[PDB]
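Shown next: final.cif, given as mmCIF, C-alpha atoms.
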data_model
#
loop_
_atom_site.group_PDB
_atom_site.id
_atom_site.type_symbol
_atom_site.label_atom_id
_atom_site.label_comp_id
_atom_site.auth_asym_id
_atom_site.auth_seq_id
_atom_site.Cartn_x
_atom_site.Cartn_y
_atom_site.Cartn_z
ATOM 1 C CA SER A 1 29.157 -194.883 15.248
ATOM 2 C CA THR A 2 31.506 -192.756 17.331
ATOM 3 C CA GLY A 3 32.227 -189.092 17.995
ATOM 4 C CA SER A 4 35.265 -187.205 19.277
ATOM 5 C CA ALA A 5 35.392 -183.516 20.197
ATOM 6 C CA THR A 6 37.966 -181.296 21.848
ATOM 7 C CA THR A 7 36.935 -179.502 25.027
ATOM 8 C CA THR A 8 38.692 -176.235 25.946
ATOM 9 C CA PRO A 9 38.951 -174.323 29.247
ATOM 10 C CA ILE A 10 37.020 -171.038 29.188
ATOM 11 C CA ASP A 11 39.702 -169.188 31.143
ATOM 12 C CA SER A 12 43.145 -169.514 32.729
ATOM 13 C CA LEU A 13 41.744 -171.213 35.859
ATOM 14 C CA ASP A 14 39.797 -174.014 34.130
ATOM 15 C CA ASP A 15 36.585 -172.628 35.623
ATOM 16 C CA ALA A 16 34.638 -174.617 33.018
ATOM 17 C CA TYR A 17 35.183 -176.259 29.642
ATOM 18 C CA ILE A 18 33.420 -175.644 26.332
ATOM 19 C CA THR A 19 32.930 -178.063 23.457
ATOM 20 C CA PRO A 20 31.697 -177.088 19.978
ATOM 21 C CA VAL A 21 28.297 -178.565 19.039
ATOM 22 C CA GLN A 22 26.594 -178.381 15.638
ATOM 23 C CA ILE A 23 22.858 -177.676 15.783
ATOM 24 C CA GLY A 24 20.465 -177.512 12.866
ATOM 25 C CA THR A 25 20.663 -177.357 9.089
ATOM 26 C CA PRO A 26 22.799 -175.651 7.954
ATOM 27 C CA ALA A 27 24.855 -176.201 11.086
ATOM 28 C CA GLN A 28 24.929 -173.524 13.760
ATOM 29 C CA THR A 29 27.969 -174.151 15.976
ATOM 30 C CA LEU A 30 27.571 -173.247 19.645
ATOM 31 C CA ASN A 31 30.110 -173.799 22.426
ATOM 32 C CA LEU A 32 28.390 -175.787 25.158
ATOM 33 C CA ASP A 33 29.363 -176.797 28.675
ATOM 34 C CA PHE A 34 29.153 -180.606 28.799
ATOM 35 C CA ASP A 35 27.664 -181.380 32.203
ATOM 36 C CA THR A 36 27.506 -184.906 33.623
ATOM 37 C CA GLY A 37 25.574 -183.437 36.578
ATOM 38 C CA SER A 38 22.451 -182.391 34.653
ATOM 39 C CA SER A 39 20.263 -183.639 31.814
ATOM 40 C CA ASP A 40 19.090 -180.672 29.741
ATOM 41 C CA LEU A 41 20.608 -179.491 26.461
ATOM 42 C CA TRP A 42 19.766 -175.787 26.431
ATOM 43 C CA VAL A 43 21.062 -172.883 24.405
ATOM 44 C CA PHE A 44 21.092 -169.150 24.125
ATOM 45 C CA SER A 45 18.779 -168.407 21.223
ATOM 46 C CA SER A 46 16.967 -165.866 19.097
ATOM 47 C CA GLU A 47 14.208 -166.197 21.746
ATOM 48 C CA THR A 48 16.420 -165.174 24.671
ATOM 49 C CA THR A 49 15.430 -161.831 26.223
ATOM 50 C CA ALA A 50 17.677 -159.373 24.371
ATOM 51 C CA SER A 51 19.031 -157.638 27.488
ATOM 52 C CA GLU A 52 20.159 -161.050 28.787
ATOM 53 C CA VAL A 53 22.419 -161.791 25.798
ATOM 54 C CA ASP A 54 25.942 -160.335 25.988
ATOM 55 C CA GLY A 55 28.379 -161.861 23.505
ATOM 56 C CA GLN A 56 27.093 -165.444 23.361
ATOM 57 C CA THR A 57 26.453 -167.200 20.088
ATOM 58 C CA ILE A 58 22.746 -167.901 19.659
ATOM 59 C CA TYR A 59 20.736 -170.692 18.046
ATOM 60 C CA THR A 60 18.108 -169.359 15.640
ATOM 61 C CA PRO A 61 15.621 -172.162 14.979
ATOM 62 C CA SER A 62 13.863 -170.236 12.191
ATOM 63 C CA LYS A 63 17.096 -170.525 10.151
ATOM 64 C CA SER A 64 17.249 -174.312 10.548
ATOM 65 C CA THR A 65 15.329 -176.346 7.995
ATOM 66 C CA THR A 66 15.288 -179.333 10.364
ATOM 67 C CA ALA A 67 14.043 -177.466 13.473
ATOM 68 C CA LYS A 68 10.528 -178.211 14.694
ATOM 69 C CA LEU A 69 8.758 -176.635 17.663
ATOM 70 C CA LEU A 70 7.954 -179.268 20.274
ATOM 71 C CA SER A 71 4.444 -178.033 20.807
ATOM 72 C CA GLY A 72 3.486 -177.164 24.353
ATOM 73 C CA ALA A 73 6.849 -178.126 25.844
ATOM 74 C CA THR A 74 8.610 -175.878 28.327
ATOM 75 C CA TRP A 75 11.632 -176.260 30.573
ATOM 76 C CA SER A 76 13.072 -174.587 33.653
ATOM 77 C CA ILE A 77 16.244 -175.471 35.513
ATOM 78 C CA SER A 78 18.149 -174.281 38.558
ATOM 79 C CA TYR A 79 21.709 -175.306 39.326
ATOM 80 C CA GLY A 80 23.522 -175.783 42.628
ATOM 81 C CA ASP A 81 25.110 -172.328 42.441
ATOM 82 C CA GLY A 82 21.733 -170.591 42.257
ATOM 83 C CA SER A 83 21.882 -169.891 38.517
ATOM 84 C CA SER A 84 18.886 -170.694 36.309
ATOM 85 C CA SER A 85 17.353 -170.612 32.848
ATOM 86 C CA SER A 86 14.051 -171.503 31.195
ATOM 87 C CA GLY A 87 12.232 -171.494 27.885
ATOM 88 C CA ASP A 88 10.577 -173.619 25.214
ATOM 89 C CA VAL A 89 11.741 -176.578 23.128
ATOM 90 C CA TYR A 90 12.613 -177.531 19.563
ATOM 91 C CA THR A 91 13.752 -180.791 18.097
ATOM 92 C CA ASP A 92 16.643 -180.575 15.660
ATOM 93 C CA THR A 93 19.733 -182.368 14.409
ATOM 94 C CA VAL A 94 22.650 -182.166 16.841
ATOM 95 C CA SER A 95 26.191 -183.338 16.113
ATOM 96 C CA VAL A 96 29.176 -183.638 18.446
ATOM 97 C CA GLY A 97 32.568 -184.489 17.028
ATOM 98 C CA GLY A 98 31.063 -186.217 14.007
ATOM 99 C CA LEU A 99 28.338 -188.113 15.906
ATOM 100 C CA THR A 100 24.841 -187.074 14.816
ATOM 101 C CA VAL A 101 21.494 -187.382 16.597
ATOM 102 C CA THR A 102 18.327 -186.475 14.751
ATOM 103 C CA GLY A 103 15.292 -185.305 16.698
ATOM 104 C CA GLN A 104 17.301 -184.148 19.719
ATOM 105 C CA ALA A 105 15.441 -181.879 22.139
ATOM 106 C CA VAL A 106 17.137 -178.478 21.989
ATOM 107 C CA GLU A 107 15.853 -176.336 24.814
ATOM 108 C CA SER A 108 15.728 -172.703 23.738
ATOM 109 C CA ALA A 109 16.248 -170.153 26.516
ATOM 110 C CA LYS A 110 13.762 -167.339 26.853
ATOM 111 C CA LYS A 111 15.320 -166.295 30.188
ATOM 112 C CA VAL A 112 18.734 -166.806 31.769
ATOM 113 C CA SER A 113 20.092 -165.616 35.095
ATOM 114 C CA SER A 114 22.694 -162.857 35.302
ATOM 115 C CA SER A 115 25.602 -165.235 35.756
ATOM 116 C CA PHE A 116 24.944 -166.733 32.308
ATOM 117 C CA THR A 117 24.561 -163.318 30.677
ATOM 118 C CA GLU A 118 27.819 -162.191 32.247
ATOM 119 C CA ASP A 119 29.769 -165.150 30.841
ATOM 120 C CA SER A 120 30.219 -164.608 27.134
ATOM 121 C CA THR A 121 32.105 -167.884 26.617
ATOM 122 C CA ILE A 122 29.293 -170.367 27.376
ATOM 123 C CA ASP A 123 26.494 -170.612 24.800
ATOM 124 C CA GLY A 124 24.534 -173.238 26.772
ATOM 125 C CA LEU A 125 24.742 -176.605 28.502
ATOM 126 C CA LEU A 126 24.710 -180.171 27.212
ATOM 127 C CA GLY A 127 23.555 -182.486 29.976
ATOM 128 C CA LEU A 128 25.044 -185.968 30.302
ATOM 129 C CA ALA A 129 23.472 -187.205 33.553
ATOM 130 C CA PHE A 130 20.503 -189.598 33.389
ATOM 131 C CA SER A 131 17.423 -188.545 31.447
ATOM 132 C CA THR A 132 15.255 -188.918 34.566
ATOM 133 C CA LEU A 133 16.567 -185.445 35.579
ATOM 134 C CA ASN A 134 15.496 -183.736 32.344
ATOM 135 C CA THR A 135 13.202 -180.795 33.131
ATOM 136 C CA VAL A 136 11.059 -180.658 29.977
ATOM 137 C CA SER A 137 7.328 -180.641 30.713
ATOM 138 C CA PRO A 138 4.864 -182.198 30.084
ATOM 139 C CA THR A 139 6.904 -184.795 28.179
ATOM 140 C CA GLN A 140 10.389 -185.418 29.582
ATOM 141 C CA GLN A 141 13.129 -185.554 26.948
ATOM 142 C CA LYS A 142 16.262 -187.669 26.500
ATOM 143 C CA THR A 143 19.860 -186.517 26.682
ATOM 144 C CA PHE A 144 22.123 -186.492 23.649
ATOM 145 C CA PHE A 145 23.919 -189.573 24.989
ATOM 146 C CA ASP A 146 20.666 -191.429 25.685
ATOM 147 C CA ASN A 147 19.514 -190.740 22.120
ATOM 148 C CA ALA A 148 22.877 -191.736 20.583
ATOM 149 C CA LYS A 149 23.519 -194.813 22.727
ATOM 150 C CA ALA A 150 21.981 -197.547 20.593
ATOM 151 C CA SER A 151 23.917 -196.351 17.529
ATOM 152 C CA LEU A 152 27.282 -196.178 19.285
ATOM 153 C CA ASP A 153 29.912 -198.877 18.816
ATOM 154 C CA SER A 154 29.901 -199.228 22.623
ATOM 155 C CA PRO A 155 27.400 -197.489 24.960
ATOM 156 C CA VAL A 156 29.960 -195.229 26.616
ATOM 157 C CA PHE A 157 31.396 -191.769 26.632
ATOM 158 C CA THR A 158 34.694 -190.626 28.126
ATOM 159 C CA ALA A 159 35.884 -187.374 29.675
ATOM 160 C CA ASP A 160 39.566 -186.474 29.407
ATOM 161 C CA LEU A 161 39.784 -182.940 30.769
ATOM 162 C CA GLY A 162 43.050 -181.013 30.618
ATOM 163 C CA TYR A 163 44.804 -179.027 33.317
ATOM 164 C CA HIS A 164 45.194 -175.542 31.885
ATOM 165 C CA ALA A 165 44.918 -177.184 28.446
ATOM 166 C CA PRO A 166 42.359 -178.658 26.038
ATOM 167 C CA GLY A 167 41.092 -182.210 26.408
ATOM 168 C CA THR A 168 38.626 -184.586 24.787
ATOM 169 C CA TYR A 169 35.111 -185.987 25.003
ATOM 170 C CA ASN A 170 34.711 -189.253 23.100
ATOM 171 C CA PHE A 171 31.459 -191.070 22.398
ATOM 172 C CA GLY A 172 31.199 -194.769 21.610
ATOM 173 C CA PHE A 173 34.791 -195.910 22.169
ATOM 174 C CA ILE A 174 37.609 -195.992 24.681
ATOM 175 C CA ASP A 175 40.863 -194.495 23.378
ATOM 176 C CA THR A 176 43.413 -196.890 24.851
ATOM 177 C CA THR A 177 46.236 -194.431 24.060
ATOM 178 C CA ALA A 178 44.717 -191.721 26.300
ATOM 179 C CA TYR A 179 45.571 -193.182 29.705
ATOM 180 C CA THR A 180 48.292 -195.073 31.534
ATOM 181 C CA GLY A 181 47.922 -198.400 33.310
ATOM 182 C CA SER A 182 44.442 -199.891 33.591
ATOM 183 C CA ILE A 183 40.943 -198.502 34.011
ATOM 184 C CA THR A 184 39.349 -199.373 37.356
ATOM 185 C CA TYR A 185 35.578 -199.673 37.176
ATOM 186 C CA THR A 186 33.302 -198.961 40.106
ATOM 187 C CA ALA A 187 29.562 -199.266 40.766
ATOM 188 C CA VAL A 188 27.078 -196.490 40.027
ATOM 189 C CA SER A 189 23.737 -195.689 41.602
ATOM 190 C CA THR A 190 21.314 -193.947 39.263
ATOM 191 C CA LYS A 191 18.713 -193.446 42.022
ATOM 192 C CA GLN A 192 19.250 -189.675 42.160
ATOM 193 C CA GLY A 193 19.793 -189.339 38.393
ATOM 194 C CA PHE A 194 23.546 -188.786 38.728
ATOM 195 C CA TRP A 195 26.723 -190.732 38.006
ATOM 196 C CA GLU A 196 26.888 -191.483 41.721
ATOM 197 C CA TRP A 197 29.634 -193.731 43.074
ATOM 198 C CA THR A 198 31.596 -194.423 46.266
ATOM 199 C CA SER A 199 35.255 -193.541 46.588
ATOM 200 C CA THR A 200 37.274 -195.823 48.848
ATOM 201 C CA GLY A 201 39.215 -193.066 50.638
ATOM 202 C CA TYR A 202 41.866 -190.400 50.379
ATOM 203 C CA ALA A 203 45.375 -189.236 51.168
ATOM 204 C CA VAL A 204 46.858 -185.772 51.594
ATOM 205 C CA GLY A 205 50.262 -185.239 50.005
ATOM 206 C CA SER A 206 52.654 -188.041 50.879
ATOM 207 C CA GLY A 207 50.505 -189.033 53.862
ATOM 208 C CA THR A 208 49.003 -192.423 54.575
ATOM 209 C CA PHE A 209 45.817 -193.441 52.785
ATOM 210 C CA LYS A 210 42.642 -193.255 54.860
ATOM 211 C CA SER A 211 40.174 -195.982 53.950
ATOM 212 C CA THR A 212 36.689 -194.525 54.163
ATOM 213 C CA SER A 213 33.626 -194.614 51.914
ATOM 214 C CA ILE A 214 32.807 -191.295 50.245
ATOM 215 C CA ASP A 215 29.598 -191.290 48.209
ATOM 216 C CA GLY A 216 29.557 -188.605 45.551
ATOM 217 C CA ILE A 217 28.916 -187.724 41.933
ATOM 218 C CA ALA A 218 31.188 -187.472 38.906
ATOM 219 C CA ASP A 219 30.256 -184.006 37.640
ATOM 220 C CA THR A 220 32.067 -182.372 34.733
ATOM 221 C CA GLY A 221 29.809 -179.334 35.165
ATOM 222 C CA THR A 222 31.121 -178.466 38.643
ATOM 223 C CA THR A 223 34.495 -176.701 38.824
ATOM 224 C CA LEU A 224 35.761 -177.795 42.243
ATOM 225 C CA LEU A 225 36.068 -180.897 44.424
ATOM 226 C CA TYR A 226 33.474 -180.846 47.240
ATOM 227 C CA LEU A 227 34.054 -183.366 50.033
ATOM 228 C CA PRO A 228 33.052 -183.885 53.666
ATOM 229 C CA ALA A 229 34.257 -181.247 56.116
ATOM 230 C CA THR A 230 36.507 -183.726 57.932
ATOM 231 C CA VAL A 231 38.387 -184.575 54.726
ATOM 232 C CA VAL A 232 38.671 -180.956 53.620
ATOM 233 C CA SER A 233 39.949 -179.836 57.028
ATOM 234 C CA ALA A 234 42.610 -182.571 56.939
ATOM 235 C CA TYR A 235 43.768 -181.298 53.531
ATOM 236 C CA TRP A 236 43.964 -177.584 54.371
ATOM 237 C CA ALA A 237 45.643 -178.266 57.730
ATOM 238 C CA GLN A 238 48.714 -179.158 55.657
ATOM 239 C CA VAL A 239 48.888 -175.650 54.130
ATOM 240 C CA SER A 240 50.380 -172.957 56.391
ATOM 241 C CA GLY A 241 47.994 -170.060 56.763
ATOM 242 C CA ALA A 242 45.015 -171.732 55.078
ATOM 243 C CA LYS A 243 41.651 -171.018 56.667
ATOM 244 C CA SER A 244 37.957 -171.201 55.972
ATOM 245 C CA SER A 245 36.594 -167.740 55.230
ATOM 246 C CA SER A 246 32.866 -167.184 55.637
ATOM 247 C CA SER A 247 33.171 -163.826 53.835
ATOM 248 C CA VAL A 248 34.867 -165.334 50.770
ATOM 249 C CA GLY A 249 32.782 -168.510 50.895
ATOM 250 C CA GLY A 250 35.307 -171.272 51.482
ATOM 251 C CA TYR A 251 38.895 -172.183 52.159
ATOM 252 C CA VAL A 252 41.518 -169.656 51.153
ATOM 253 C CA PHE A 253 45.276 -169.935 51.376
ATOM 254 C CA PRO A 254 48.326 -167.709 50.944
ATOM 255 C CA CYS A 255 49.190 -167.383 47.288
ATOM 256 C CA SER A 256 52.840 -167.981 48.296
ATOM 257 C CA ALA A 257 52.043 -171.570 49.347
ATOM 258 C CA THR A 258 53.074 -174.759 47.611
ATOM 259 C CA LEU A 259 49.957 -176.991 47.766
ATOM 260 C CA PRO A 260 50.139 -180.710 48.544
ATOM 261 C CA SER A 261 48.564 -183.263 46.234
ATOM 262 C CA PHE A 262 45.295 -184.996 47.064
ATOM 263 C CA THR A 263 44.683 -188.676 46.313
ATOM 264 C CA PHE A 264 41.273 -190.317 46.022
ATOM 265 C CA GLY A 265 40.503 -194.023 45.885
ATOM 266 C CA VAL A 266 38.673 -195.888 43.149
ATOM 267 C CA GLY A 267 38.399 -199.431 44.434
ATOM 268 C CA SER A 268 41.982 -200.489 45.099
ATOM 269 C CA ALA A 269 43.287 -197.891 42.615
ATOM 270 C CA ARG A 270 44.403 -194.353 43.372
ATOM 271 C CA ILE A 271 44.031 -191.086 41.426
ATOM 272 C CA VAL A 272 46.480 -188.337 42.367
ATOM 273 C CA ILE A 273 45.434 -184.704 41.976
ATOM 274 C CA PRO A 274 48.613 -182.571 41.826
ATOM 275 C CA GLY A 275 48.719 -179.624 44.217
ATOM 276 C CA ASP A 276 48.735 -177.098 41.386
ATOM 277 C CA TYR A 277 45.280 -178.339 40.280
ATOM 278 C CA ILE A 278 43.921 -177.136 43.638
ATOM 279 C CA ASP A 279 44.968 -173.472 43.097
ATOM 280 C CA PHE A 280 42.131 -171.208 41.900
ATOM 281 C CA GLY A 281 44.125 -168.018 42.160
ATOM 282 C CA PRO A 282 43.562 -164.684 43.876
ATOM 283 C CA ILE A 283 40.160 -164.164 45.470
ATOM 284 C CA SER A 284 40.046 -160.735 43.781
ATOM 285 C CA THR A 285 42.461 -159.141 41.346
ATOM 286 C CA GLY A 286 45.804 -158.394 42.999
ATOM 287 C CA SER A 287 45.018 -160.203 46.255
ATOM 288 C CA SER A 288 47.599 -162.454 47.912
ATOM 289 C CA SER A 289 44.802 -164.672 49.261
ATOM 290 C CA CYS A 290 44.036 -167.529 46.875
ATOM 291 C CA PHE A 291 40.888 -169.654 46.576
ATOM 292 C CA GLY A 292 41.120 -173.383 47.195
ATOM 293 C CA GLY A 293 40.022 -176.072 44.766
ATOM 294 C CA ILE A 294 38.937 -178.498 47.500
ATOM 295 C CA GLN A 295 35.942 -177.229 49.469
ATOM 296 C CA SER A 296 33.443 -178.585 51.945
ATOM 297 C CA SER A 297 30.237 -180.196 50.705
ATOM 298 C CA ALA A 298 28.519 -179.517 54.041
ATOM 299 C CA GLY A 299 25.196 -177.901 53.274
ATOM 300 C CA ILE A 300 25.362 -178.845 49.572
ATOM 301 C CA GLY A 301 23.988 -182.192 50.629
ATOM 302 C CA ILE A 302 26.146 -184.185 48.217
ATOM 303 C CA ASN A 303 29.837 -184.765 47.579
ATOM 304 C CA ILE A 304 30.924 -183.673 44.116
ATOM 305 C CA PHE A 305 33.920 -184.976 42.178
ATOM 306 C CA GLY A 306 34.056 -181.954 39.910
ATOM 307 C CA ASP A 307 36.631 -180.866 37.364
ATOM 308 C CA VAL A 308 39.490 -180.589 39.911
ATOM 309 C CA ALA A 309 39.217 -184.342 40.483
ATOM 310 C CA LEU A 310 38.107 -185.500 37.042
ATOM 311 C CA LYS A 311 40.864 -183.685 35.145
ATOM 312 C CA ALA A 312 43.435 -185.832 37.004
ATOM 313 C CA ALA A 313 41.937 -188.930 35.358
ATOM 314 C CA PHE A 314 40.651 -190.508 32.185
ATOM 315 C CA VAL A 315 37.001 -191.138 33.077
ATOM 316 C CA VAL A 316 34.659 -193.662 31.468
ATOM 317 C CA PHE A 317 30.918 -193.089 31.751
ATOM 318 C CA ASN A 318 29.641 -196.587 30.949
ATOM 319 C CA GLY A 319 25.982 -196.466 29.935
ATOM 320 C CA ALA A 320 25.487 -200.221 29.684
ATOM 321 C CA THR A 321 22.238 -201.669 31.061
ATOM 322 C CA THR A 322 23.851 -201.488 34.497
ATOM 323 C CA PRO A 323 25.907 -198.290 34.338
ATOM 324 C CA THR A 324 29.395 -198.078 35.857
ATOM 325 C CA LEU A 325 32.223 -195.526 36.055
ATOM 326 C CA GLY A 326 35.847 -196.155 35.140
ATOM 327 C CA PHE A 327 38.908 -194.174 36.203
ATOM 328 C CA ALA A 328 42.489 -194.383 34.941
ATOM 329 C CA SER A 329 45.564 -192.300 35.586
ATOM 330 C CA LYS A 330 46.980 -190.459 32.571
#
Serialized structure, structure tokens:
Amino acid sequence: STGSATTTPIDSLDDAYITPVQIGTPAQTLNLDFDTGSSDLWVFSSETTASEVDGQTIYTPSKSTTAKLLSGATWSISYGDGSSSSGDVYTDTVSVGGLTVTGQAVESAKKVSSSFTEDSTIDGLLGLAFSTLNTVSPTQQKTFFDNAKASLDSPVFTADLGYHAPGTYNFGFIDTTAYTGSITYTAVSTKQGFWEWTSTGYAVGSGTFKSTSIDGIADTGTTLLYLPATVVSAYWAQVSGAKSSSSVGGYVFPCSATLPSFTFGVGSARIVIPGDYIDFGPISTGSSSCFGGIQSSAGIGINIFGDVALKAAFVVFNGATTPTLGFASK
């Protein structure tokens, strides 16, 4: 089997992407944030504290003839930005782009943090990291991909995120029309539960490539590119007036700037992030100070190849017995 679904930016900055997901019988379609940096599929629901729902579409398990309470199971998750959610668990039929999993754990939120409430466009998360990170207790549950894998034509999914435009998540096949040149595959460590790999270096604009190993994660659920302070300083030094602002929480730059590109290495291959992908717009409405899309990972404790990086590539998440990651230009 295969599946193919369009993923759409939630706003004009590509702050996140949402993908429609069918849950239950009859189908209830929710728009979920596909997140290769976590492993829980959770949704706003009829169980979510009423004051914490503000415009989201909810899953109502009592209206699904295939929903079953997973007795005694609870979940609770916190993300790197301090947001959180928790609740109980159902199993139900879940379909993405025509690919169907029966008995998928659907984690129903009883509580969500304010940031979720305040974002009406995201109805929940669909985790695509390794199932070892799943938070369900006392019996850990599998991700949608883990459950689908054996049925897929090939045990892979691909992320093809758009810049200020829709893109595609495919399951079970590689669309050879969706990228240019060849796909370069690179090793993955699953030791921390992530799609963790080592970039071979970087360049800023038309500058020379610096060969250096950068261990980090491929994370569709993180907006920005978080890299070591040395690398980030080298990038922003090429933008007149750019500075790190403790009050804003990262590098800012004059909105009048033209940003240089940023290249990252995948083995001997190179992925080029155009400068415009690194512009996250005014820090507050009407400001002429703009927020940068490349930020320091210092104090996160991990480098993150988030959407800024991934949207410059066609990315293969290869879930073979020994997982690997592939990157192609597009």
For residue A:100, work out the shell of residues within 9 Å, counting all atoms listed in the file and skipping chain neighbours fewer than 5 positions away, then give it as number ranges by chain.
A: 1, 3, 22, 93-95, 148
Ground truth for the PyMOL selection byres ((chain A and resi 230) around 12), written as a PyMOL selection string:
chain A and resi 202+210+212+214+226-229+231-237+294-298
Would you export the selected residues with C-alpha atoms as a PDB file, in the frame of the given file, please?
ATOM      1  CA  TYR A 202      41.866-190.400  50.379  1.00  0.00           C
ATOM      2  CA  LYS A 210      42.642-193.255  54.860  1.00  0.00           C
ATOM      3  CA  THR A 212      36.689-194.525  54.163  1.00  0.00           C
ATOM      4  CA  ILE A 214      32.807-191.295  50.245  1.00  0.00           C
ATOM      5  CA  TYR A 226      33.474-180.846  47.240  1.00  0.00           C
ATOM      6  CA  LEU A 227      34.054-183.366  50.033  1.00  0.00           C
ATOM      7  CA  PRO A 228      33.052-183.885  53.666  1.00  0.00           C
ATOM      8  CA  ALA A 229      34.257-181.247  56.116  1.00  0.00           C
ATOM      9  CA  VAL A 231      38.387-184.575  54.726  1.00  0.00           C
ATOM     10  CA  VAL A 232      38.671-180.956  53.620  1.00  0.00           C
ATOM     11  CA  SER A 233      39.949-179.836  57.028  1.00  0.00           C
ATOM     12  CA  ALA A 234      42.610-182.571  56.939  1.00  0.00           C
ATOM     13  CA  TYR A 235      43.768-181.298  53.531  1.00  0.00           C
ATOM     14  CA  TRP A 236      43.964-177.584  54.371  1.00  0.00           C
ATOM     15  CA  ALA A 237      45.643-178.266  57.730  1.00  0.00           C
ATOM     16  CA  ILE A 294      38.937-178.498  47.500  1.00  0.00           C
ATOM     17  CA  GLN A 295      35.942-177.229  49.469  1.00  0.00           C
ATOM     18  CA  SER A 296      33.443-178.585  51.945  1.00  0.00           C
ATOM     19  CA  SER A 297      30.237-180.196  50.705  1.00  0.00           C
ATOM     20  CA  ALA A 298      28.519-179.517  54.041  1.00  0.00           C
TER      21      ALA A 298
END
For a quick check of understanding, using all atoms listed in the file, which of A:183, A:248, A:283, A:128 has the smallest distance to residue A:270?
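Smallest separation from residue A:270 among the options: A:183.
Among the candidate residues A:266, A:255, A:242, A:10, the one lying nearest to residue A:213 is A:266, with distances computed using all atoms listed in the file.
If you look at atom CA of residue A:318 and atom CA of residue A:169, they are 13.3 Å away from each other.
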Distance query residue A:96 at most 6 Å, all atoms listed in the file, self and fewer than 2 positions along chain excluded, as a short mmCIF file (atom, residue, chain, number, x, y, z; two decimals) with C-alpha atoms, keeping the file's coordinate frame:
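Result file follows (around.cif):
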data_model
loop_
_atom_site.label_atom_id
_atom_site.label_comp_id
_atom_site.auth_asym_id
_atom_site.auth_seq_id
_atom_site.Cartn_x
_atom_site.Cartn_y
_atom_site.Cartn_z
CA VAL A 21 28.30 -178.56 19.04
CA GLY A 98 31.06 -186.22 14.01
CA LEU A 99 28.34 -188.11 15.91
#
Contact residues around stretch 134-142 of chain A with all atoms listed in the file at 7 Å, ignoring same-chain residues under 5 positions, as a VMD selection string:
chain A and resid 39 to 40 73 to 77 105 147
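For the file at hand, the PyMOL selection byres ((chain A and resi 287) around 12) resolves to residues 252, 253, 254, 255, 256, 281, 282, 283, 284, 285, 286, 288, 289, 290 and 291 of chain A.
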Taking the file as I've supplied it (selection: the PyMOL selection byres ((chain A and resi 124) around 12)), which residues are included? Please answer as a ChimeraX atom specification.
/A:16-21,23,29-35,40-45,48,53,56-59,84-86,106-109,112,116-117,119-123,125-127,221
